[PDB]
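Inside the fold
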Amino acid sequence: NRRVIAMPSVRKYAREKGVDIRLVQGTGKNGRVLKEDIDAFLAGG
């Protein structure tokens, strides 16, 4: 197995944008992928 440190909202996010939290830049407590983390993943440059 391999549980991810994301929230029910962040999941919908990656599901609505097409991103995979599993590989997002989780900066939250204990590497927690938050909304800002999702935007950061898709953003950059």
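Residues numbered from 1 in each chain as written, not as in the entry; some residues may be left out. Heavy atoms only, no water.

As documented in the archive entry, the model was determined using solution NMR.

Moving on: the overall build of the chain. Scanning the chain from N- to C-terminus turns up two helices and zero strands. Dimensions along the principal axes, computed over C-alpha positions, put the chain at roughly 30 × 20 × 15 Å. With 45 residues in all, the chain has 22% of them scored as buried. Sequence separation of at least 24 residues holds for 41% of the intrachain contacts in the chain that already meet a minimum separation of 6. With an accessible surface of roughly 3,800 Å², the chain has 45% of that area assigned to carbon and sulfur atoms. Taken as two groups, the 10 positive and 5 negative side-chain charges of the chain have centres that lie 9 Å from each other. (Helix = DSSP H or I, 4+ residues; strand = E, 2+ residues; numbered from the N terminus. Buried < 20%, exposed > 50% of the residue type's maximum accessible area, 1.4 Å probe, protein only. Contact = heavy atoms within 4.5 Å. Areas by Shrake-Rupley, 256 points an atom, 1.4 Å probe, with all protein chains shown as cover. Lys, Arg positive; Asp, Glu negative; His and termini not counted. Charge placed at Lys NZ, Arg CZ, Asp CG, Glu CD.)

Note on placement: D37 falls in helix 2 (residues 35–42). Buried and unpaired, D37 has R32 as its nearest opposite-charge partner, separated by 8.0 Å. The residues contacting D37, other than those within four sequence positions of it, are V24, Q25, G26, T27, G28 and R32. (Salt bridge = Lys/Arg side-chain N within 4 Å of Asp/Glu carboxyl O.)

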